[PDB]
Structures are given as structure tokens and as C-alpha cells.
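here is my input; please provide its structure:
(2 chains)
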Amino acid sequence: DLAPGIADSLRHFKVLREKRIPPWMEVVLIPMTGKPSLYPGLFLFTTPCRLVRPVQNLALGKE
Amino acid sequence: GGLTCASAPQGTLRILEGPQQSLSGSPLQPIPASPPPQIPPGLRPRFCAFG
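Residues are numbered from 1 along each chain as shown, chains lettered A, B, ... in the order given. What follows is the structure:
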């Protein structure tokens, strides 16, 4: 009951450049469904040599 | 200085920073639609038929 509310406050730090969250971090919350979906977790990637692309986050208004 | 043992704790309060309120606005802010192309003003026949 906290992990959706942590994946939002780590995108609301990445799009606003706060608390040394890098702009290229992947906040990935693979949810718990109770079905054979992907393995659930909250996986934060910060390493180089990935691929990344810009969008507009509509709730804040920033890239 | 014996440091004897005690009973079992009933509950465990977890203190944590609150959710980020008033960060997202209640309406959404989309990128505006790129406009459809206009017929430009001041278009006239510049080619006259010869002779």
C-alpha cells in the first residue's frame, strides 16, 4: 500500500531534479496481480549505456 | 548491570515522510495540438497563358 505512492514521488523528483535523483532514472513498479505476469518489484535503474527518450509528464508539465 | 529481558512489543509505529501533496495540478497540461495547415493569404494566378 506504499509502492504506488513511492513510484510517484520518485518521478516527481526526476522531472523536477530534486534530491539527487538523476533525470535518467527508471522508476519501474511491476505490480502484484496474483497472475503469472512479470516478477513484481520496484526496480530503479541509474546506470549508463541504456536507452531513454523524452516525453511530457502531464501532471507536472515537464519533460 | 544485568540487563534482563522484557515482554513482546504490541505494535511498531513507522515514521516516514508524507506523500508529495500539491505537486500535480488538478487539471492536466498537454502539449497543444500542432495546427492544421492554412491556405496562405495572397494566392493569385501568376501564370498567364502565352499569346
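
briefly note if stretch A:38-48 comes near chain B.
No - with CB under 8 Å from any CB of the partner chain as the criterion, chain B is not reached by stretch A:38-48; the gap is at least 15.2 Å. Where you see a C-beta, it was placed from the backbone N, CA and C, and this is true even at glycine.

how close does residue A:5 get to residue B:8?
As judged by CB to CB, to the nearest Å, residue A:5 and residue B:8 stand 30 Å apart.

then residue A:26?
Residue A:26 is 41 Å from residue B:8, where distance means CB to CB.

the two: who's more crowded?
residue A:26 (13 against 4; other CB atoms under 10 Å in any protein chain shown).

skip the chain neighbours and tell me the closest residue to the more buried one.
residue A:45 (4.2 Å; CB to CB, 6 or more residues apart in numbering or on different chains).

what is the neighbour count of residue A:13?
Other residues close to residue A:13 by other CB under 10 Å number 19.

around the residue lying closest to it once chain neighbours are set aside, how many other residues sit close by?
Excluding the flanking residues, the one nearest residue A:13 by CB to CB, 6+ apart is residue A:21, at 4.1 Å. Residues near residue A:21, counting by other CB under 10 Å, number 19.
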